[PDB]
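Protein chains in written order, with the entry's author numbering: chain A, 21 to 122, 127 to 527; chain C, 18 to 529; chain B, 21 to 529; chain D, 21 to 514, 519 to 529. Here a beta-carbon is modelled for each residue, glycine too, at the ideal position from N, C-alpha and C. Some notes on the structure that comes next.
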Amino acid sequence: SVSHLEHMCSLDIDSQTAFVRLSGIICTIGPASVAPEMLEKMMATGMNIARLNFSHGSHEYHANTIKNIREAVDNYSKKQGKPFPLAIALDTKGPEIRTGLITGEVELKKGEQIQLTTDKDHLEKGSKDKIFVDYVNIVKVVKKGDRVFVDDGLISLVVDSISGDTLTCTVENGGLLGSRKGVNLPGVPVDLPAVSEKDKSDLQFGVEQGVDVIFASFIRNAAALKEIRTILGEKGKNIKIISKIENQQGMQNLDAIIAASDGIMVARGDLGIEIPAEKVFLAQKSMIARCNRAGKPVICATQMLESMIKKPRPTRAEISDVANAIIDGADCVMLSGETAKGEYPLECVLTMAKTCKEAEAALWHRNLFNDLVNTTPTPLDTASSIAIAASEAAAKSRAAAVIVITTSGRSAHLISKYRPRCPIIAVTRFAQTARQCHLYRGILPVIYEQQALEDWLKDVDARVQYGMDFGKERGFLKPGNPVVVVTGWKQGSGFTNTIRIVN
Amino acid sequence: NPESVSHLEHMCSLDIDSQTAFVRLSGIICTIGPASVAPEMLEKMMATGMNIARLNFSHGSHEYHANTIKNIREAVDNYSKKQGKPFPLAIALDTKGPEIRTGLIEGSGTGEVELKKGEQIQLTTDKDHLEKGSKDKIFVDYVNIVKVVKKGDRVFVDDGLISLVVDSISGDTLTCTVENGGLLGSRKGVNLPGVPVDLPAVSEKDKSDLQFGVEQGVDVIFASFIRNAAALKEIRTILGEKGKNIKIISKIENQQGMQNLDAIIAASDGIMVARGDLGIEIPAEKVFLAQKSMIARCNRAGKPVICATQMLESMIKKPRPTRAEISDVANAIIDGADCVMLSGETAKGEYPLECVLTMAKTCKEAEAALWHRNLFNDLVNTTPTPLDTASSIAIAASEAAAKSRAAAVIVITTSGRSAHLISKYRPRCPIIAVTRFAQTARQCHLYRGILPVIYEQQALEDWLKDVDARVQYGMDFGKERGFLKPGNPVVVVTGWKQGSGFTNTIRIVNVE
Amino acid sequence: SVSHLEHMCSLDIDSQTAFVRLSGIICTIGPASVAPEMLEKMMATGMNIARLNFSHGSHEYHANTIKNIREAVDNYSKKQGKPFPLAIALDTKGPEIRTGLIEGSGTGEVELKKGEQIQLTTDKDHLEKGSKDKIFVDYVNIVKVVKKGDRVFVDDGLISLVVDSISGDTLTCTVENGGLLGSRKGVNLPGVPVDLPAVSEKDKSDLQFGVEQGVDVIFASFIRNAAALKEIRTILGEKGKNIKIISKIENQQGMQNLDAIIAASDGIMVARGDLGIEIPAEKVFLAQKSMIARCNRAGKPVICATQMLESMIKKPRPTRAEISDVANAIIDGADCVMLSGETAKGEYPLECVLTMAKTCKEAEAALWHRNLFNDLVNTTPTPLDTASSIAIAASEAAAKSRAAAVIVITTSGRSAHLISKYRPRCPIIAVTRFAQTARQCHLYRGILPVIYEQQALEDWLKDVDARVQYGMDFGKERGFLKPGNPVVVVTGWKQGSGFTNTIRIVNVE
Amino acid sequence: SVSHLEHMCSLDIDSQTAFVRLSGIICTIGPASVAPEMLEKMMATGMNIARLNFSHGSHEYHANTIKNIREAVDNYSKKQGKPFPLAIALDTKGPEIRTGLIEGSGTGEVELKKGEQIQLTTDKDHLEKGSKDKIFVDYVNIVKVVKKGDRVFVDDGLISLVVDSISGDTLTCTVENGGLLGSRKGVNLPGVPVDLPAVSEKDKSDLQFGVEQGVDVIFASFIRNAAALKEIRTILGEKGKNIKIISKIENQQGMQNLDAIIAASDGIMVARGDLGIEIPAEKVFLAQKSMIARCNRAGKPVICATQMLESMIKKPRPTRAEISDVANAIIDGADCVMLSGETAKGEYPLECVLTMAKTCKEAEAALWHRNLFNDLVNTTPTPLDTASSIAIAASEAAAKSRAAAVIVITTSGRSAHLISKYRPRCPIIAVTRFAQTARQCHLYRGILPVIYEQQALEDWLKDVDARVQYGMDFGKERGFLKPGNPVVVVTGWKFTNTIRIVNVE
């Protein structure tokens, strides 16, 4: 197509898409999905990485969930030999602010005045007149204006006055107020530590469990990630951290976060409460875009398929939301209550995979590729040059797939950055790298445990031919199709500087 | 350092802090039902931003809809307390269309029977299925099912919940096996995807409904299951001399309408993408493709396009919508959709006012997000030939408003077409369309950016004095509503002769 | 066309060009063209503005040339009955450096060969005795400006020297590149920032003479540090305030601060003659393609000059290289093209003007209007004033409707200039009461000036309609348009002088 | 550098270009350049291929020129261990129409006046006494091809006549523009498509002579259709099958069905000399900017020729218009530039080659690489052969990494031609064992041919690595690169299909 309008006009529902689905699917684990058999069915449906929500549950619960997911993935991983890698996600509880106790059932009427206090002797004595708040130095931040939310945005207050520990407020439309409810201070820069005590214990637990990825909540500044890396320490150094942008402060210096982060999640749930809801899409379409420029994964999450929790079929709005999320350039999509609490998890994962395939085919590869080429590269490192040239070759020759041999995974990450249509079959000896590769669009990880040959020359060829066999088994390619092969020289670090087209 | 070289750089440049303009260009369509039928609630919806009301004739009698029309007319006249300026509001008729339905389940036991996979079900001439219906027998009203269905084709029942595949074909009966089985209910629709049905676009009930709408003086009709252009020829002939001015909007609900979309869009006054039936017809995963195609083609043709069905569903039960619904409406308008529509949200839903309000807000934001320069260049480049003398005026006025960052463009029009041409090119500023004719101003709401203003003052003998008076009236409207203030530039388009399709003139004018 | 390469592939010799020729042709007047009858013939051929080179000739000579040009425009004015405007341009001698005189003995021009030494002495008492051992400068003490490693040129770049040693009054140099040195030849210093006065005494007298004669345009030579144009405006004074000044970029300094000059100037000429001597000749095209381009951004006229059709001085037909040069000059975006020795001294001036008009028409037709228009639209930033918005919208309307022409009603001429910036294919028929504005309108590409003598109508609306109809009549007589064609008309809202803001599409009767 | 206008605005004369000069320079050989010393100096100055015009001179003269060029290329090889490759080109006389002898005596040139009458006759018995009354031509089938108001030219397009009437054997004509008629003058019929055979008897003997001499390329004049090249290939036969043919587009018929010619030909030269006579001269640039462009789309070399630097024949310095012409010719996308009278008859051949190289470097640097590359990417079909995909990927990698050079190993030369099609800024060092392929590589922009004399090693990878390392050594000798610079190396199996980025050792 010549123009974007002509491209949109050229969309044909009759035009069939390719079988391969490049974008990863993230599923939150809960009572509905914790069972091993249900987990195997979800895994066969297309779940690439399972997400554990640490905002609730004990270490024993999540450890048992990890044990169940491991037994299920090993039982499914009985094809080929010891393949099928699957990534582990942590997601921290994060720095939240909570209300006190009145059980509750208090009612707050519009127009009346209530007082949110940090005095501890009101923790249990909460009522409609006065209320305790977890945040200690909320008075240090917050101005004479600034709206306040309680309970997922259901209740709203406006700060009228500020005293030592009172903050007299007026109710900007109110409902039923409970106990230990949400916070969300829109606009204000929160000073709370990025990693709290529970987050510290949870990160150490994740290091012990051997988790692949952490989703860090309320990532505001770049010092946060230094703290997270130093707390994960020497043992967890390989584990990748994905920052969650939930408030205005993280959004404001987003570029610094993306530079410091391994990836970003647009948590539309808390963000929609923080910033005006009507703007949320702007944010994601900004955020995703910037991520695609930086080469870091971006995840669209929260409330994508909500209605499927109760009902077997989704709404048109939800299919449109997921399709627009992947068309924006999102590396991965996420399910929260759909898989954890929902009654119809398999249908959720299935419809997500199918709609991802369709919107994935809908992309305008030539213009998007051209834009990603000029968006940032300079004289270029030389490593990215190999990736961009291989992507261009795969696009021009209409290759069935690209086979990438990598130790760290970086070469496959750059190739995924440049967005080829064909799958990226990344062959690696390291299990953890292959598992965490699912965070990037288009990377099909293949784990090669088979011994190495004395000479590196024939061993790399054996690994590439194993990738060929994988491609035919899955159905990516057949005899006579061309593919791109990227290798290097010497068995060391990032040296992927060979490109080949082979039929 | 510009306003984005590439589309990716444009998306990167979106800033939540950058405030949008007060004006909201895209129209909001609301379906009327028991929750919204009351006149007071209708006035509240109108004040919230409802531009056109939609009446679903698939249910209810003529007397009910006549009472609804009476209430909407009384309400729109009651709203006319803005300075004493009668506010125009459009009324739309959505046809029942040629549908195929099953009968009722017995009240015996639980409401709905369950149908499981592998079982038997007889398609017969069961006439007493309105109260004795069950799991054994099913009757259909489609006479010509035989010539139309093939072997491997699939059949759906009840909103896609149950799916069957036709095994064998006899004289009056189809034999099927249950592919996907669920809870068979009462009075459910039967839609077959792949296959094109030969049913007439306008049935007898549709004929009576269209004549009733013409008599009532409805502004627009939404025609369901529009397959070919002969449908629209028939609709024009049935509307006759009286309804000739009423605009027909074709609804693309099945694969047959999708296949020959260009002929329909050429023959139609506008198109609605009714994703309700469409998601059942073509695979649901593909529906967005259709809309993103359909809307796009409409924007090329200069005809209105409506994104509809299930936009704000969650708000029926709960006061606030989900992120997915806001994303759907925002992407619908960013695709280029002129109007958005609410079905159960306003008609059946519990929170209609909140639905209309949140729709207006998210519409404003996604409206501001657009990339005007590239989209304008594309819309300019789609028509390579020498452009029509009227369309040249429209495109030049849009370019002038874009370059001078005009607060608004004032259009004086009798038929309404010139404002439609200006709306095609998607200007950021509002399009203040001045018209003496009430119905043209009312139906102008189908186009993005047109604020209709109705001019009741009689025709002055001197044509130049009259056109200047109407342009000054548009200025007064803009100042009262708050579109513009003193010192802002605006574009004024008039004509060269006193009549109809003779538009012309472009002028940049400040404010006093 | 989608792309530039595909556009170049799409050029078709079968594709007929438009009748109109938008780009102006500048002709230098000399012994071959000074005669009144020959001058009328040149005007009929298509000469839009006449150029007078003040580097030679007296005030009386140029006044007589102006008299001949006026009588020629007078007798041409009975072709179709209306007064044909033609602009007269004054090109200043400028601050140039020349050598002294050779001893009349031997051959006229002594030869200087590479590797030998020669002494520049500045001392004025060595005016006749110059030879291969000693050389002489014209004016200004360049030793305060020149360093040792610097290079020096003599005679149109033919001879090159490098300063070996510097003394008080003198200068010892070695010949790097050697040629044939004559007497009183030009001297160009490529590296040094020149200290010469922007306006000299003779230049002052010449500008005052041009003001008295009522010249339309001045071409100011050797505009280096942009501060000059203030001096030029102050010397033109109250009488010349309306006269437009075109800066000539001939050396490295003018190229270095080109943006300040173009902002301060009314237009720019790329004088490739002196420029090719100053900067390396191989680079000249870069300069022009930069300079013209920036002018197109600014909305200022730009002139490509010097040695475009040189061979036609001697022979009746040009070479392929010269036709390519003029075609590429106009395709670059140059508003006007100029002939120097071709018309002044050359034997075949009329053929030069003819071939210039033809090749201008062809390269004019070859342009890619859509992409260039989009580029010029995206060059303009903020919510532009209503006048620029009207000009850009009118250009877009003329392009979309394939208008036969655009009729502009203007007093000062600015509105037609803004329309000319955006490069419409159709002619820009600018109707004006003021003769001088119509005359100087030829500096802009695509403007056909029309002078309206009647006017003084009681009703202002009827007067503007009469002037637009007179523009229609001009278009029909010349053949721009016929009944049934649409055209764009831009007028104003109130009787003023720089208001515009009206656009209409009207068909011809 | 967002837009083309902004690109032209951003051009800086101070911004230094790379030392490499990609576009080839063609020089016509004549009395001024035939000497061995002049030929060696031209070769060192930058002469890439020498052109022989067979419209004049005998077989002995051209054989002496070829002997001198071979002696010159061997004698130049004073670069420490560098065997210098050089291409030789043959330009055919072609099917031309000429008059007989005048009666010129007494004064040098007779004067013929405008408005007189002239009778063009095909009767052969009017030949010796021609002067001004009746004129004979050698084209037999003029009557079947010429129409009424068609025009006729005499003397290089300087003089013009119009055919008034037509009889059986003769035509009566009227003088529109009048000059002096000489002897053996060219006659071109513009409007008409000429039916003459592309290869005449003399053309046959000349092409076989060129095959015997071992010429690299032939320039075929007045190429109208593809049957011309069918005849040329059959005349080259088994021995000349490898020789590449460049078609000269001089008339309207070749322009009309240009696509078939460009597809069937190995390359095209836009001979602006005869073309300016055929089509209106004012239009010629259009043609070239089309022709060159289409060649760049097809991937075949295109040459802009004739009258580029004419003034340098008489004067030591060129005009601004001529420098602009050559710069615009290369900026259009012309693979090679050519000199006719500048080097053959002119007094200053070396100076012509010098200024040509300098202006070529400058206009080469001025190019907008990204947009031209993107256009060349989108012009090529959807599924593409693996070789062109390798070439486009190598060009994109060289552009992104700002490689110092690209090393290409090829036997036939095509892969390097595909890489040259996409126009990389860095030089394309093409290593080949066969001399003639290296010679004919000069027709393509950016290819520096390198001839590798070392014999076939038994191990394949060691042989390919030795050839690439010799290319590295060549780059260091010329001064293209230093340690730490990246370069592109394209190799393969057996058919090229390997592309790698390697830095400098």
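With 9 angstroms as the threshold, decide whether the Cβ of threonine 190 (chain B) is near any Cβ in chain C. The beta carbon of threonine 190 (chain B) does not come within 9 angstroms of any beta carbon belonging to chain C, so the residue lies off that interface.
Could you give the C-beta distance for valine 165 (chain C) and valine 212 (chain C), rounded to a whole number, given that I count them as a contact under 8 angstroms? About 6 angstroms separates the two Cβ atoms, so the contact holds.
Determine the DSSP secondary structure at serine 408 (chain A), reduced to helix, strand or coil. Reduced to three states, the DSSP call for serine 408 (chain A) is helix.
Contact set for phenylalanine 494 (chain B): own chain, Cβ-Cβ below 7 angstroms, skip 5 residues either direction: Only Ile449, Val470 meet the Cβ criterion.
Beta bridge counterpart(s) of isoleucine 439 (chain D) as assigned by DSSP: DSSP output for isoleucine 439 (chain D) lists no bridge partner at all.
Whole runs of the beta strand (DSSP E) within the stretch 111-183 of chain D, excluding any shorter than 3 residues: The stretch 111-183 of chain D contains these whole beta strand (DSSP E) runs: 137-141, 154-156, 171-174.
What's the gap between the Cα of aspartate 176 (chain B) and the Cα of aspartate 175 (chain D)? One C-alpha to the other measures close to 34 angstroms.
If we call anything under 9 angstroms between Cβ atoms a contact, is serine 435 (chain C) one with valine 508 (chain C)? In this structure, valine 508 (chain C) does not lie closer than 9 angstroms to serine 435 (chain C) by Cβ.
Once you ignore the five residues that flank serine 151 (chain A) on each side, which residues in its own chain have a CB closer than 7 angstroms to its CB? Result list for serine 151 (chain A): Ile122, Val130, in chain order.
Here's the rule: buried if 16 or more other CB atoms are within 10 angstroms of the residue's CB, otherwise exposed. What is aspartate 279 (chain D)? By the neighbour-count rule (16 or more Cβ atoms within 10 Å), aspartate 279 (chain D) is not buried but exposed.
What are the start and end residues of the beta strand (DSSP E) that includes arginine 314 (chain D)? Element bounds for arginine 314 (chain D): not the beta strand (DSSP E) but the alpha helix (DSSP H), 304-318.
If you run the structure through DSSP and keep just helix, strand and coil, what is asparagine 398 (chain B)? It is helical.
So, is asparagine 84 (chain B) buried or exposed, given that buried needs 16 or more other C-beta atoms within 10 angstroms? Counting Cβ neighbours within 10 Å, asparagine 84 (chain B) comes out exposed, since fewer than 16 surround it.
Answer yes or no: does any C-beta atom of chain D fall closer than 9 angstroms to that of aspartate 352 (chain B)? So yes, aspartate 352 (chain B) belongs to the interface.
So residue 536 (chain D) contacts chain A; which residues on that side make the cut at Cβ distance below 7 angstroms? Outside the modelled stretch of chain D, which goes from 21 to 529, sits residue 536 (chain D), for which no answer is possible.
DSSP beta-bridge partners of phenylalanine 239 (chain D): Answer by DSSP bridge pairing, in chain order: D:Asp111, D:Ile266.
Any beta carbon from chain C within less than 9 angstroms of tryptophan 480 (chain B)'s own beta carbon? No, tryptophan 480 (chain B) lies away from the interface with chain C (no Cβ there is under 9 angstroms from its Cβ).
Give me the subset of the stretch 366-399 of chain D whose CB atoms are less than 8 angstroms from a CB atom of chain A, sorted by chain position. Hits within the stretch, in order: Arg390, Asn394, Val397, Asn398.
8 angstroms contact criterion, which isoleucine 299 (chain A) and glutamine 272 (chain A) should meet: CB distance rounded: The Cβ separation is near 6 angstroms, so the contact holds.
Relative to the C-alpha of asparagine 527 (chain D), which candidate in A:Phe305, A:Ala407, A:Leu477 has its C-alpha closest? Out of A:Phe305, A:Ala407, A:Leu477, A:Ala407 has the C-alpha closest to the C-alpha of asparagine 527 (chain D).
Taking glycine 491 (chain B) and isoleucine 427 (chain B) to be in contact with their CB atoms under 8 angstroms, please state how far apart those CB atoms are, rounded to whole angstroms. Going by Cβ atoms, the distance from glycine 491 (chain B) to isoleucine 427 (chain B) rounds to 4 angstroms, so yes, they are a contact pair.
Comparing the C-beta of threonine 119 (chain C) with each C-beta of chain B, is any distance below 9 angstroms? Residue contact check for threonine 119 (chain C) against chain B: no CB pair falls below 9 angstroms.
Please confirm if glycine 44 (chain C) has its CB atom under 9 angstroms from at least one CB of chain A. Not a single C-beta of chain A is nearer than 9 angstroms to the C-beta of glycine 44 (chain C).
With a threshold of 8 angstroms on Cβ separation, who are the neighbours of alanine 413 (chain A) within its own chain once the five nearest residues in sequence on each side are excluded? Around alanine 413 (chain A): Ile523.
Residue(s) in a DSSP beta bridge with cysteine 380 (chain D): None; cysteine 380 (chain D) has no bridge partner.
Would you kindly work out how many angstroms separate the C-alpha atoms of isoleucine 312 (chain C) and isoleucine 323 (chain C), rounded to a whole number? Each residue's alpha carbon lies about 8 angstroms from the other.
Exposed or buried, which one is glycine 257 (chain C) when buried takes at least 16 other CB atoms within 10 Å? Of the residues assessed, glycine 257 (chain C) falls on the exposed side of the cut-off, its CB having fewer than 16 other CB atoms within 10 angstroms.
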